[PDB]
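Okay, so here's the structure we're looking at.
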Amino acid sequence: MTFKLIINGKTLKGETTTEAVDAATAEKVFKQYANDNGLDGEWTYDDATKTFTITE
């Protein structure tokens, strides 16, 4: 499936998608991005809209 995580922070900013088997993996894929970049805040999950977000 295809997901869409909106990047929101100081170090990182913008938007992008992620192809994972499930929402759980979809986050693990981007986890390296926000981590390697240092950007970290609060992970939001919603089944109604099926979208991921992060605020720093």
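Every number in this text was worked out from the coordinates using simple rules, so none of it is lab data. Positions of Cβ are generated from backbone atoms using ideal geometry, with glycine treated the same way; all protein chains shown enter the neighbour counts.
(1) surrounded by 14 or more Cβ atoms within 10 Å (Cβ to Cβ); (2) part of a helix (DSSP H, G or I); (3) of a type in the set (A, V, I, L, M): which one isn't true of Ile7, the others all being true?
Result: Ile7 fails condition (2) only.
Could you grab me the full set of residues in the range 18-37 that are touching a helix residue (DSSP H, G or I) at 6+ places or on another chain (Cβ under 9 Å) and β-branched (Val, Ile, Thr)?
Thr18, the sole residue that qualifies.
Select from the range 21-56 the residues that are buried (at least 16 other Cβ atoms within 10 Å of the Cβ) and of a type in the set (A, V, I, L, M) and list them in ascending order.
Matches in the range 21-56: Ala23, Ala26, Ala34, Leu39, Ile54.
Considering only the range 12-38, state which residues are among the charged types (D, E, K, R), part of a helix (DSSP H, G or I) and within 11 Å of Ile54 (Cβ to Cβ).
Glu27, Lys31
Search the range 1-28 for residues that are polar (S, T, N, Q) and pair each with any residue that is not in a strand (DSSP E or B) when their beta-carbon atoms are under 6 Å apart and the residues are at least 6 apart or on different chains.
Pairs that qualify, where the first residue is polar (S, T, N, Q) and the partner is not in a strand (DSSP E or B), are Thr11/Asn37; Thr11/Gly38; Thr11/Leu39; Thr18/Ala26; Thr18/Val29; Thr18/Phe30.
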